[PDB]
Amino acid sequence: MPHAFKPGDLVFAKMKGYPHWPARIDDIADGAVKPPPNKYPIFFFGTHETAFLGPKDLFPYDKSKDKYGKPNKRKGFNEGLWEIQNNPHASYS
């Protein structure tokens, strides 16, 4: 049975106007800006951008990859697919 989201979990994350995007739940570094309540820091593969999202926009990657894990014209998307499959836990800073 599922647990709550934790840092390191792999997802597709949904933002308005964008396709479901390969991403991970990030940690928050000591001294770094914390997300709003009930939101998680999402790191988007390929673009390497961070946004704050709640669980309604987070789809576990294993369950969802068949549907959302296909190449997309959008900037950074195919690089992101490579990252989440090949080195999802690396530093991309």
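Net length available on complete extension from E49 to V33 is 4.3 nm, with 0.36 nm assigned per residue and the Cα-Cα distance removed.
Give me the percent relative contact order of the range 10-86, please, defined on Cα pairs under 8 angstrom at least 6 residues apart. Once normalised by length, the contact order is 35 percent. By the rule of a C-alpha distance below 20 Å, with chain neighbours fewer than 8 residues away ignored, the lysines paired with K34 are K6, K56.
In the chain, inverting the average of 1/r over every pair of distinct C-alpha atoms gives 13.4 Å as the Kirkwood radius.
With a Förster radius of 35 Å applied to the beta-carbon distance between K6 and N78, the computed FRET efficiency rounds to 0.80.
Please note: Cβ atoms are built from the backbone with ideal geometry, for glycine as well, and neighbour counts cover all protein chains shown. Rule-based calculations on the coordinates, nothing more; no lab input.
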